[PDB]
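Notes follow once the structure below has been shown.
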Amino acid sequence: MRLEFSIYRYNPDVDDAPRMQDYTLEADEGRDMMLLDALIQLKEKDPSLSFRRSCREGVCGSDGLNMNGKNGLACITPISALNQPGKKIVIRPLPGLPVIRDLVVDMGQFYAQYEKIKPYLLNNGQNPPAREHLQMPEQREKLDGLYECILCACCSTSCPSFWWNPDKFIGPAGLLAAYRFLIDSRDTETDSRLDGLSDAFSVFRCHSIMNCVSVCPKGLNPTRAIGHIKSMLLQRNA
Amino acid sequence: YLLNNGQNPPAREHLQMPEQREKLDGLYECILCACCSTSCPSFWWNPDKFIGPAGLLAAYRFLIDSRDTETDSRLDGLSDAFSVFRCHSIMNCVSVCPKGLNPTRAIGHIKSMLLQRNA
Amino acid sequence: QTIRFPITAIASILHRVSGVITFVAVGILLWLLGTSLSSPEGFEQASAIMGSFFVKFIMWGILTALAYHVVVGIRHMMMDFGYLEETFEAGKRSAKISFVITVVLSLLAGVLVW
Amino acid sequence: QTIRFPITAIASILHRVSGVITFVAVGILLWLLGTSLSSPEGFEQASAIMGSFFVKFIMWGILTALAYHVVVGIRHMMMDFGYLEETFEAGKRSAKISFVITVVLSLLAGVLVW
Amino acid sequence: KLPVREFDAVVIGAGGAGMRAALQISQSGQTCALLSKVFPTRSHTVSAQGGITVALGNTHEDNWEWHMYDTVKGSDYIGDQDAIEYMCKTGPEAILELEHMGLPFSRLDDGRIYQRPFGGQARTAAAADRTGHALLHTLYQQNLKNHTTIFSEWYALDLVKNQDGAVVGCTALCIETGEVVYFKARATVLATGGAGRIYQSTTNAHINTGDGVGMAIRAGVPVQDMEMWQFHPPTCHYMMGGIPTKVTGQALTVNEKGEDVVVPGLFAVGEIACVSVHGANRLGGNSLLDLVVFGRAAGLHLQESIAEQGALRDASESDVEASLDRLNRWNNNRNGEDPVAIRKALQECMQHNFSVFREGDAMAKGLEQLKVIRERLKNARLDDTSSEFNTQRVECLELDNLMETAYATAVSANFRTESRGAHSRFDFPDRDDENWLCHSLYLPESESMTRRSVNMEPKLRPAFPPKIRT
Amino acid sequence: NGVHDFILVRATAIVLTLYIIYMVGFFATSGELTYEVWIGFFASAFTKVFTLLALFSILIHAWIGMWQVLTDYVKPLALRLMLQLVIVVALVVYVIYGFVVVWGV
Amino acid sequence: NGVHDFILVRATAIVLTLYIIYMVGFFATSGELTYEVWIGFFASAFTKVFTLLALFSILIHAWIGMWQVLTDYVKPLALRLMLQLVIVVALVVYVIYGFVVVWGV
Amino acid sequence: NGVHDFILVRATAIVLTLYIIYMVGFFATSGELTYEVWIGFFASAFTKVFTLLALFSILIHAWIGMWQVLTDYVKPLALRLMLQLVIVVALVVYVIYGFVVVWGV
Ligand SMILES: Cc1cc2nc3c(=O)[nH]c(=O)nc-3n(C[C@H](O)[C@H](O)[C@H](O)COP(=O)(O)OP(=O)(O)OC[C@H]3O[C@@H](n4cnc5c(N)ncnc54)[C@H](O)[C@@H]3O)c2cc1C
Ligand code: HEM
Ligand code: HEM
Ligand code: HEM
Ligand code: SF4
Ligand code: SF4
Ligand code: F3S
Ligand code: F3S
Ligand code: FES
Ligand code: NA
């Protein structure tokens, strides 16, 4: 559809902070397209745009765009969900992130927060098995909701508790990683991670907002992680 | 001594604005003559529990030298021991110092920062 | 900046706001108990001060906010006891029922006023 | 399962059992002091309740268990102060003398009863 | 003027095959750089709806001899099996070594690896829909474990080539810094892969700007059968060919006669590096199996390669002037034709006349089409004048890369008078097995084509002849 | 630490729940309160002890509560510190006034 | 920690020893106790302060005592937690009742 | 720890400053004190609550004070421990006597 577009700012290095220039293009009605195709079509007229896209199938958290106030995967979220009755579709960049480029903003704080949880196995060295590990699939059927966090930063930027204190908290997915490497029976180092997390008020900084689950792009359960890890932690330090 | 976890924000040479160096000119010349250390009233009674003035000038040097990022661990390792606070602000050492160094300044900023952390 | 759908935020904020006002409530009620019990000379006085419609509005508000706080507190209690199950429908139904019983307890304060 | 010679176990258990019963003793005695001191109307009442032979049995037991607890506590105190020496003979002689003085303090309660 | 840093190992690509390489160079210990274009997880490898394939033992018996039998009957008997030898003999070891990293692979009720069936006769495993997703995530988590210093969100535009003909490093142009640097290092492993961007409809993603062949060919590095191109059944999916190499890692060139010689200072693994173990129809996940086990071999074969060639020199710091003048030519164009239209016409020509059907008359027609377009390509205008950062800039460069790959495939359509393997022809539907039992070879500077012979799988087993496909 | 706070909050909320139940239950069963009955229902043991317990528990609870508020919102450190001082003196004054007003009857 | 507990137990046992000595010594030297003498020996300063001190020390001592019992024996965690709550409210109620019954005389 | 002590000392010194100001200010504005006026200025709420608060704060302050003295000077450990016991019982006896002498008026 022949459409006007209105975005946050198409060049950050310009002296001014706000820039709501008029995007304009004439699009067709007889063939559906997705938001990235809008980007593709525009990029040859308004040249100074930029964006971080990878896969056109939405599997590697490339473009978790929060447009019009609602977040989603830019390769899952078409335009009709933006051209509702009224005008002024809004596709501004993501929240609370450094203005270092137009839409590929920095995630150093975010990826670092993920890093501080030691998201990797560790074996002191005992070799109970010889050739292959020993695990009953009763674990795997309850592990199917942790190892696909695509790091799209939808839930993390969408946690009310995390906002006010950006550095003291740990975020939902930063806890999904902990829980993954926790109830994966192939480790035995629960206590050190637990009482290292116990110290910081990060686990409890949660007020059980639970909005993130609806907002999640993969339909993952961080609330579940927040539940079992609280239960276990309480059990230890009581 | 310095410690870099390993990040290499620069490539060939370190990055530091001389605004630091003009306020670092009073820490890296402690000649270890033990004048101030033996001249601290607070340190005497408890020789092992305290840390001494110059032992804190070193900490402050490796603290506000912007070329590190490991402030918190040193701070809360010093916070534990009552060594920082064992000071009663005697301040005699400054006059007694052979180089005319300021340990009191170190005792001031490090107390400020520590208070800021553990409050 | 704007998200337009903070369903949990309103439920949550209403907890710390009510806490912050109840914290000064408890002081107002300590004052009221003090000035009342001292002798008969104050009791009617106290009821006199229990009289004005500004004061009645306040005290009803004190007790309504208190009821909201108590109820949400119980939800935080039971939900973290593990006695309540987690899902979207549970959250929205808890919001509904808690709000209804909050208005119910509010009405109790109104009955006390009348 | 059975060991047939827990000489220390009996000495030790008698410590936590007596503690657990004295913990409710202190509440019974707070009650007794309360109901007594309130006025003369209660004092004889209180002594009346100090009267029954079930109650007398209890109170003597309260004070005997208390005496056992006190004595074993002192042994734990002095033995860990380093003021007492460690060996088998010291342990058995401490058992003997502590038990004797426990029965002695018990007799004191009996004297109070009579 | 350009700041330079001395290194022992750099890698062109981050995930997939690259994660393996950098991890093995990390456990080596000297130094292990990691350059890429996008943040590691975002790599194309993350699209992973197909499981790793390796025989570890089901309830029944499975030997590596059957592994070779099926992986060669699949390849339609076109390539050598020395690499198939190494694969079928070292696969299980590497897959279990990865499974000890806690890699979340789905098990069977007893607690053993899950196995499923695919084309041909008994082992095509899988973890979940996200198998390679877990693969990449575990390799990234081990990258965190050994604190390997990733340099993400950058680019590699061309390599270095001195007088005696060696490679001692790579240039870089970023998006967080956007300033060219030089990482000098004897080991430069082109392990990026992918070109499908030069076509309209395909499975591949847009981050694949077709570079692993771009820098190679432009620098003047030859290639082997850039037309072996699998179209997933009917959407294009894989580039069977790519840069040449051996099971131990080093790339190969040829003299005026055509004898294969070790190239100084170059390496390659991953879907780019071809040993034709995939051939007509790749075995299910033998590019995946490539990036895992061939990369494990690329790691275990480091000291053997650096010992024969080391302590070399730079081209009097005058070869960086090659890519420097490329970027100067970039600092030349003010106006002209939009690169978008060039790419449009090229894409059109190639998907029109070099897919499954390549008809001789129309073959030469598309040849001259793409040739005249190549000639006129030089004057291309630039949509963005931005100084700090954009996307367009890299877009600009990717043109001078993308097209080049297609070129090779086009040329090879003139070098194969049959329908051999995936390669098919209307004028030649059959598959002759007397002349071209050997690989092709595109010589860059002469832009010509020659052949390269292949061995008949003598390593440890009595060889078998090419059977009839029935 | 943090689980310390967690447990104190939950437990003292339990005692507070029981309190408000009992106290506003008496308000319910008031039936024409009078000075006589008012001082009657207060001069007891039960009421006296339970009210002192209530004020003490409010201390130990609201302390941690406002600690959480003023560690999440009020950013400058000197401010937040003096603010917590004011609030903690407020609570201890609450409990002591409670004393002077319940053990006077 | 654990030495904290150790020292509190030993010290408060010292104060308790001195108490029981003094109190049951008065029982000894009673010599025909009477209401008059009973309220006499209680209305003092010394007796009042020493009894409040005794009940407070019993709080601070028996708390840790039952903590040790219920961390050694009662295994399930929810149980032991609510049990400690009951016992701690028991002790604080002990001391407050003590108040209402000694500062009423 | 140590910053805990630091902050408690500074804060309770703040409350103590305000106290001494107010109390010796009343001594200033005395103007021919009398038993009548003396019991007058004490029987208030304000005076009662502020004096109990003062004694409590003196407890929480001088405790840490003498802890510092007896950890710097008196070297033998058994000595210093029993000495701190004597001093802590001194402070708690101070506050309880304060009770019995202010909530008697
Ligand atoms: C549904 C499905 C089915 C599949 N079926 C099969 C099958 O049957 N058989 C099979 O073998 N495989 C199969 N695969 C796997 C897949 O198709 C590829 O074969 C495999 O992912 C190749 O990975 P790689 O490591 O070789 O390349 P990659 O790891 O993707 O190489 C790219 C790397 O280089 C980096 N990079 C990107 N651009 C540049 C640049 N310009 N310069 C430098 N570095 C750059 C990237 O960030 C990344 O680190 C399947 C996948 C899917 C999703
Ligand atoms: C009656 C006087 C009460 C006072 C003075 C009081 C004090 C407070 C305050 C000020 C807060 C907000 C600050 C914070 O803790 O984050 C709070 C939180 C809380 N209150 Fe209370 N409260 C009272 C009653 C209750 C009752 C009866 C309950 C019943 C369960 C309760 C349960 C809770 C819970 C669970 C929290 C923590 C939840 C959160 O973080 O918001 N409160 N309390
Ligand atoms: C008079 C009321 C008393 C109460 C309510 C009380 C409380 C308790 C209880 C319940 C225990 C058992 C739980 C435990 O600590 O493991 C205990 C242990 C102990 N008691 Fe007491 N006690 C009292 C008197 C005394 C006295 C007078 C002493 C004299 C020294 C004493 C010394 C000890 C010691 C040393 C222990 C720890 C030893 C052990 O672990 O069993 N107690 N206390
Ligand atoms: C009125 C009764 C007071 C008592 C019983 C008391 C108690 C003590 C004692 C015994 C010391 C020495 C032990 C030590 O802390 O190292 C001390 C130190 C101190 N006093 Fe007080 N004090 C009182 C009044 C005040 C007042 C009104 C202030 C006003 C600010 C104050 C400020 C301080 C400070 C800052 C220290 C620590 C400085 C040092 O280490 O010497 N004191 N306190
Ligand atoms: S919301 Fe879910 S998918 Fe998105 S980043 Fe968080 S955990 Fe990953
Ligand atoms: S007094 Fe100054 S010069 Fe002397 S040892 Fe101390 S810091 Fe060094
Ligand atoms: S921090 Fe809040 S947003 Fe959800 S995941 Fe935890 S309740
Ligand atoms: S310890 Fe004392 S002597 Fe000076 S440097 Fe510090 S005030
Ligand atoms: S484009 Fe890679 S995730 Fe959507
Ligand atoms: Na290729």
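Residues are referred to by chain and number: the chain letter is A, B, ... according to the order shown in the structure tokens, the number counts from 1 in that chain, and ligands are numbered separately from 1 in the order shown.
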(message) as a PyMOL selection string, please: the residues near residue 32 (chain D) (cut-off 12 Å, only C-alpha atoms, same-chain neighbours under 4 positions excluded).
(response) (chain D and resi 25-28+36-38+42-50+55+59) or (chain G and resi 97-98+101)
Could you turn the residues from that selection into a file that holds C-alpha atoms, as a PDB file, in the first residue's frame?
ATOM      1  CA  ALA D  25       8.159 -24.425  82.082  1.00  0.00           C
ATOM      2  CA  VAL D  26       9.155 -20.766  81.732  1.00  0.00           C
ATOM      3  CA  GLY D  27       5.753 -20.173  80.188  1.00  0.00           C
ATOM      4  CA  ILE D  28       3.951 -21.978  82.983  1.00  0.00           C
ATOM      5  CA  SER D  36      -0.651 -14.497  91.344  1.00  0.00           C
ATOM      6  CA  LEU D  37       0.539 -10.886  91.522  1.00  0.00           C
ATOM      7  CA  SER D  38      -2.598  -9.297  90.034  1.00  0.00           C
ATOM      8  CA  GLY D  42      -5.499 -14.289  93.175  1.00  0.00           C
ATOM      9  CA  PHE D  43      -2.647 -14.953  95.595  1.00  0.00           C
ATOM     10  CA  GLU D  44      -4.464 -17.597  97.612  1.00  0.00           C
ATOM     11  CA  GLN D  45      -6.004 -18.690  94.322  1.00  0.00           C
ATOM     12  CA  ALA D  46      -2.463 -19.038  93.008  1.00  0.00           C
ATOM     13  CA  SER D  47      -1.431 -20.958  96.112  1.00  0.00           C
ATOM     14  CA  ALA D  48      -4.650 -22.924  95.670  1.00  0.00           C
ATOM     15  CA  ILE D  49      -3.346 -23.879  92.239  1.00  0.00           C
ATOM     16  CA  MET D  50       0.035 -24.476  93.809  1.00  0.00           C
ATOM     17  CA  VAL D  55       0.343 -29.646  90.075  1.00  0.00           C
ATOM     18  CA  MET D  59       6.236 -28.024  89.600  1.00  0.00           C
TER      19      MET D  59
ATOM     20  CA  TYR G  97       3.692 -10.594  79.118  1.00  0.00           C
ATOM     21  CA  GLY G  98       6.580 -10.263  81.540  1.00  0.00           C
ATOM     22  CA  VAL G 101       2.998  -8.261  84.703  1.00  0.00           C
TER      23      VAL G 101
END
(request) Write out as a PyMOL selection string each polymer residue (protein, DNA or RNA) that has an atom no more than 6 Å from ligand 1, with only C-alpha atoms and all ligand atoms counted. (result) chain E and resi 12-17+36-38+40+43-45+47-50+155-156+192-193+207-209+211+270-271+282-288+291
Spatial neighbours of region 5-16 of chain D, max dist 8 Å, only C-alpha atoms, sep filter under 6 positions, as an mmCIF file with N, CA and C atoms, in the first residue's frame:
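So out09.cif came out as:
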data_model
loop_
_atom_site.group_PDB
_atom_site.id
_atom_site.type_symbol
_atom_site.label_atom_id
_atom_site.label_comp_id
_atom_site.auth_asym_id
_atom_site.auth_seq_id
_atom_site.Cartn_x
_atom_site.Cartn_y
_atom_site.Cartn_z
ATOM 1 N N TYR D 68 18.794 -30.284 86.573
ATOM 2 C CA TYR D 68 19.595 -31.105 85.677
ATOM 3 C C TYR D 68 20.167 -30.257 84.554
ATOM 4 N N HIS D 69 19.323 -29.423 83.952
ATOM 5 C CA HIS D 69 19.770 -28.611 82.833
ATOM 6 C C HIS D 69 20.877 -27.667 83.274
ATOM 7 N N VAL D 72 24.209 -29.713 83.941
ATOM 8 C CA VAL D 72 24.888 -30.172 82.753
ATOM 9 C C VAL D 72 25.421 -28.986 81.954
ATOM 10 N N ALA D 95 30.004 -37.613 85.343
ATOM 11 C CA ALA D 95 28.674 -38.208 85.315
ATOM 12 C C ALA D 95 28.182 -38.513 86.724
ATOM 13 N N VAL G 69 17.844 -27.458 67.785
ATOM 14 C CA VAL G 69 16.996 -28.651 67.815
ATOM 15 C C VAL G 69 16.308 -28.855 66.473
#
(message) Which residues are near ligand 10 in this structure, taking near to mean any atom at most 10 Å from a ligand atom and counting only C-alpha atoms and all ligand atoms? Format them as an MDAnalysis selection string.
(response) chainID E and resid 192:196 210 212:213 223:229 238:244 270:274 405
Next, write the just-selected residues to a file, as a compact mmCIF listing (two decimals), in the first residue's frame, keeping N, CA and C atoms as the atom set.
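File produced: selection33.txt:
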# COMPACT_ATOMS: atom_id res chain seq x y z
N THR E 192 34.22 -19.10 5.69
CA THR E 192 32.97 -18.36 5.72
C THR E 192 31.88 -19.05 4.90
N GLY E 193 32.11 -19.23 3.61
CA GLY E 193 31.19 -19.97 2.77
C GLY E 193 30.01 -19.16 2.29
N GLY E 194 29.24 -19.80 1.41
CA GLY E 194 27.97 -19.27 0.96
C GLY E 194 28.08 -18.22 -0.12
N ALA E 195 27.26 -18.36 -1.16
CA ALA E 195 27.15 -17.35 -2.19
C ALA E 195 25.74 -17.07 -2.65
N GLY E 196 24.76 -17.89 -2.27
CA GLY E 196 23.43 -17.91 -2.86
C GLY E 196 22.72 -16.58 -3.01
N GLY E 210 28.54 -13.36 0.10
CA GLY E 210 29.42 -14.05 -0.82
C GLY E 210 30.83 -13.52 -0.79
N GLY E 212 33.70 -15.45 0.97
CA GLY E 212 34.71 -16.50 0.97
C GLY E 212 35.30 -16.79 -0.39
N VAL E 213 34.52 -16.57 -1.45
CA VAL E 213 35.05 -16.61 -2.80
C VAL E 213 35.47 -15.23 -3.29
N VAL E 223 39.84 -21.88 -7.44
CA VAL E 223 38.65 -22.52 -6.88
C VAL E 223 38.38 -23.81 -7.64
N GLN E 224 37.57 -24.68 -7.03
CA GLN E 224 37.27 -25.99 -7.61
C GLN E 224 35.77 -26.17 -7.72
N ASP E 225 35.26 -26.15 -8.95
CA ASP E 225 33.86 -26.47 -9.26
C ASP E 225 32.90 -25.59 -8.46
N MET E 226 32.92 -24.31 -8.79
CA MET E 226 31.97 -23.37 -8.20
C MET E 226 30.55 -23.55 -8.72
N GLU E 227 30.28 -24.52 -9.60
CA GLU E 227 28.94 -24.75 -10.10
C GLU E 227 28.27 -25.93 -9.42
N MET E 228 29.00 -26.69 -8.61
CA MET E 228 28.34 -27.74 -7.85
C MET E 228 27.44 -27.04 -6.85
N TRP E 229 26.15 -26.93 -7.18
CA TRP E 229 25.22 -26.07 -6.44
C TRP E 229 23.91 -26.83 -6.26
N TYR E 238 22.73 -25.03 -1.44
CA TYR E 238 24.10 -25.21 -1.00
C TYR E 238 25.09 -24.99 -2.13
N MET E 239 26.30 -24.60 -1.74
CA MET E 239 27.43 -24.43 -2.65
C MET E 239 28.41 -25.56 -2.37
N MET E 240 28.31 -26.65 -3.16
CA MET E 240 29.16 -27.81 -2.92
C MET E 240 30.64 -27.45 -3.06
N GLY E 241 30.98 -26.69 -4.08
CA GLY E 241 32.36 -26.33 -4.30
C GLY E 241 32.89 -25.30 -3.32
N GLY E 242 33.89 -24.55 -3.76
CA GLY E 242 34.55 -23.55 -2.96
C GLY E 242 36.04 -23.65 -3.11
N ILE E 243 36.75 -22.92 -2.25
CA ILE E 243 38.21 -22.90 -2.23
C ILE E 243 38.72 -24.33 -2.09
N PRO E 244 39.82 -24.69 -2.75
CA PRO E 244 40.41 -26.01 -2.54
C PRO E 244 41.26 -26.07 -1.28
N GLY E 270 34.98 -25.55 6.48
CA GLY E 270 33.60 -25.14 6.38
C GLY E 270 33.09 -25.14 4.95
N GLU E 271 31.77 -24.98 4.83
CA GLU E 271 31.03 -25.20 3.59
C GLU E 271 31.68 -24.57 2.37
N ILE E 272 32.48 -23.52 2.58
CA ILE E 272 33.31 -23.01 1.50
C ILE E 272 34.31 -24.06 1.05
N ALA E 273 35.17 -24.50 1.97
CA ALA E 273 36.19 -25.48 1.63
C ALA E 273 35.55 -26.76 1.13
N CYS E 274 35.89 -27.15 -0.09
CA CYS E 274 35.28 -28.29 -0.75
C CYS E 274 36.28 -29.43 -0.85
N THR E 405 31.66 -14.76 -7.80
CA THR E 405 31.35 -16.17 -7.63
C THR E 405 30.56 -16.70 -8.81
(message) Would you compute the distance between CA of residue 64 (chain H) and atom 19 (C, counted along the ligand's line) of ligand 4? Give it in Å to one decimal.
(response) 9.2 Å
Just list the residues in region 332-454 of chain E DSSP gives helix (DSSP H, G or I) on the backbone, as a PDB file with C-alpha atoms, in the first residue's frame.
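Generated file (states16.pdb):
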ATOM      1  CA  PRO E 339      24.647  -0.879  -7.919  1.00  0.00           C
ATOM      2  CA  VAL E 340      21.137  -2.169  -7.210  1.00  0.00           C
ATOM      3  CA  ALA E 341      20.287  -2.342 -10.919  1.00  0.00           C
ATOM      4  CA  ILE E 342      23.567  -4.122 -11.704  1.00  0.00           C
ATOM      5  CA  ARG E 343      22.828  -6.746  -9.066  1.00  0.00           C
ATOM      6  CA  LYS E 344      19.261  -7.034 -10.368  1.00  0.00           C
ATOM      7  CA  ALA E 345      20.334  -7.796 -13.924  1.00  0.00           C
ATOM      8  CA  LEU E 346      23.056 -10.190 -12.762  1.00  0.00           C
ATOM      9  CA  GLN E 347      20.781 -12.097 -10.489  1.00  0.00           C
ATOM     10  CA  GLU E 348      18.252 -12.311 -13.331  1.00  0.00           C
ATOM     11  CA  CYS E 349      20.776 -13.580 -15.889  1.00  0.00           C
ATOM     12  CA  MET E 350      22.187 -16.197 -13.539  1.00  0.00           C
ATOM     13  CA  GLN E 351      18.953 -17.648 -12.181  1.00  0.00           C
ATOM     14  CA  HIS E 352      17.752 -17.518 -15.800  1.00  0.00           C
ATOM     15  CA  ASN E 353      20.552 -19.412 -17.536  1.00  0.00           C
ATOM     16  CA  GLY E 360      24.375 -24.164 -24.836  1.00  0.00           C
ATOM     17  CA  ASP E 361      23.027 -21.448 -27.122  1.00  0.00           C
ATOM     18  CA  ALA E 362      21.391 -19.574 -24.257  1.00  0.00           C
ATOM     19  CA  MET E 363      24.498 -20.511 -22.258  1.00  0.00           C
ATOM     20  CA  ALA E 364      26.733 -18.399 -24.494  1.00  0.00           C
ATOM     21  CA  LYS E 365      23.940 -15.809 -24.617  1.00  0.00           C
ATOM     22  CA  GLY E 366      23.942 -15.401 -20.842  1.00  0.00           C
ATOM     23  CA  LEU E 367      27.735 -15.554 -20.992  1.00  0.00           C
ATOM     24  CA  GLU E 368      27.941 -12.460 -23.189  1.00  0.00           C
ATOM     25  CA  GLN E 369      25.127 -10.844 -21.185  1.00  0.00           C
ATOM     26  CA  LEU E 370      26.938 -11.140 -17.858  1.00  0.00           C
ATOM     27  CA  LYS E 371      30.211 -10.303 -19.619  1.00  0.00           C
ATOM     28  CA  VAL E 372      29.010  -6.976 -21.028  1.00  0.00           C
ATOM     29  CA  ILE E 373      27.423  -6.224 -17.658  1.00  0.00           C
ATOM     30  CA  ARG E 374      30.796  -6.970 -16.053  1.00  0.00           C
ATOM     31  CA  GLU E 375      32.517  -4.559 -18.443  1.00  0.00           C
ATOM     32  CA  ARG E 376      30.024  -1.742 -17.845  1.00  0.00           C
ATOM     33  CA  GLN E 392      25.209   0.841   2.162  1.00  0.00           C
ATOM     34  CA  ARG E 393      29.044   0.898   2.241  1.00  0.00           C
ATOM     35  CA  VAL E 394      29.365  -2.791   2.886  1.00  0.00           C
ATOM     36  CA  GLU E 395      26.543  -3.284   0.406  1.00  0.00           C
ATOM     37  CA  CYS E 396      28.712  -1.469  -2.125  1.00  0.00           C
ATOM     38  CA  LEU E 397      31.659  -3.778  -1.551  1.00  0.00           C
ATOM     39  CA  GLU E 398      29.522  -6.886  -1.606  1.00  0.00           C
ATOM     40  CA  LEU E 399      28.733  -6.251  -5.256  1.00  0.00           C
ATOM     41  CA  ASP E 400      32.397  -6.546  -6.239  1.00  0.00           C
ATOM     42  CA  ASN E 401      32.263  -9.845  -4.356  1.00  0.00           C
ATOM     43  CA  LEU E 402      28.888 -11.374  -5.206  1.00  0.00           C
ATOM     44  CA  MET E 403      29.133 -11.282  -8.987  1.00  0.00           C
ATOM     45  CA  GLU E 404      32.560 -12.852  -9.024  1.00  0.00           C
ATOM     46  CA  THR E 405      31.352 -16.175  -7.625  1.00  0.00           C
ATOM     47  CA  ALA E 406      28.634 -16.467 -10.253  1.00  0.00           C
ATOM     48  CA  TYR E 407      31.290 -15.865 -12.904  1.00  0.00           C
ATOM     49  CA  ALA E 408      33.047 -19.124 -12.065  1.00  0.00           C
ATOM     50  CA  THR E 409      29.903 -21.236 -12.251  1.00  0.00           C
ATOM     51  CA  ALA E 410      29.052 -19.676 -15.607  1.00  0.00           C
ATOM     52  CA  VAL E 411      32.503 -20.476 -16.976  1.00  0.00           C
ATOM     53  CA  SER E 412      32.293 -24.048 -15.756  1.00  0.00           C
TER      54      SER E 412
END
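Using only C-alpha atoms, the shortest contact distance between chain H and any of D:54, D:60, D:81, D:23 is found at D:81.
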(message) Give me, as a count of residues only, the set of residues whose atoms come within 12 Å of any atom of ligand 4, counting only C-alpha atoms and all ligand atoms.
(response) 53
(request) Could you pull out the residues sitting within 9 Å of ligand 6, using only C-alpha atoms and all ligand atoms, and write them as a PyMOL selection string? (result) chain B and resi 27+29-39+52-55+57+93-103
Restricting the output to C-alpha atoms, write the selected residues as a tab-separated table (two decimals), in the first residue's frame.
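The resulting file, result-v2.tsv, is reproduced below:
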chain	number	residue	atom	x	y	z
B	27	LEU	CA	51.17	8.51	44.60
B	29	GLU	CA	56.90	8.20	44.43
B	30	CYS	CA	56.48	6.55	47.81
B	31	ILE	CA	60.13	5.82	48.54
B	32	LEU	CA	59.29	3.38	51.34
B	33	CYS	CA	61.31	5.22	54.02
B	34	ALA	CA	58.84	4.10	56.69
B	35	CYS	CA	58.55	7.52	58.27
B	36	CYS	CA	54.80	7.89	58.07
B	37	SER	CA	54.11	4.24	58.85
B	38	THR	CA	56.06	4.28	62.11
B	39	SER	CA	54.54	7.70	62.78
B	52	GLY	CA	49.38	2.02	57.11
B	53	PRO	CA	49.24	5.25	55.11
B	54	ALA	CA	51.49	4.28	52.20
B	55	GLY	CA	49.85	0.87	52.04
B	57	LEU	CA	48.57	5.29	48.83
B	93	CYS	CA	52.24	11.88	58.94
B	94	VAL	CA	51.75	14.52	56.26
B	95	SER	CA	54.06	16.92	58.08
B	96	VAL	CA	56.43	14.05	58.85
B	97	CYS	CA	56.53	12.81	55.25
B	98	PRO	CA	59.95	13.09	53.51
B	99	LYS	CA	58.43	13.55	50.04
B	100	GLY	CA	55.55	15.81	51.08
B	101	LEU	CA	52.95	13.26	50.00
B	102	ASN	CA	49.26	13.21	50.91
B	103	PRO	CA	48.08	9.97	52.54
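From CA of residue 134 (chain A) back to CA of residue 292 (chain E), the distance works out to 22.8 Å.
Across the model, the gap from CA of residue 297 (chain E) to CA of residue 261 (chain E) is 20.3 Å.
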(request) Skip residue 61 (chain B) itself and residues of its chain fewer than 3 positions away, then list as a PyMOL selection string all residues within 10 Å of it, counting only C-alpha atoms. (result) chain B and resi 1-2+24-28+56-58+64-66+106
(message) Just want the residues within 7 Å of ligand 5, written as JSON, numbers by chain, counting only C-alpha atoms and all ligand atoms.
(response) {"A": [149, 150, 151, 152, 153, 154, 155, 156, 172, 173, 212, 215, 216, 217, 218, 219, 220]}
(message) Please list as a PyMOL selection string every residue within 12 Å of region 13-28 of chain A, counting only C-alpha atoms and excluding residues in the same chain fewer than 2 positions away.
(response) (chain A and resi 1-11+30-34+37-49+79+88-92+99-102) or (chain E and resi 386-390)
(message) Can you pull out every residue with an atom within 10 Å of ligand 9? Use only C-alpha atoms and all ligand atoms and format it as a ChimeraX atom specification.
(response) /A:36,52-65,72-77,150-152 /E:41-44,46-47,205-207
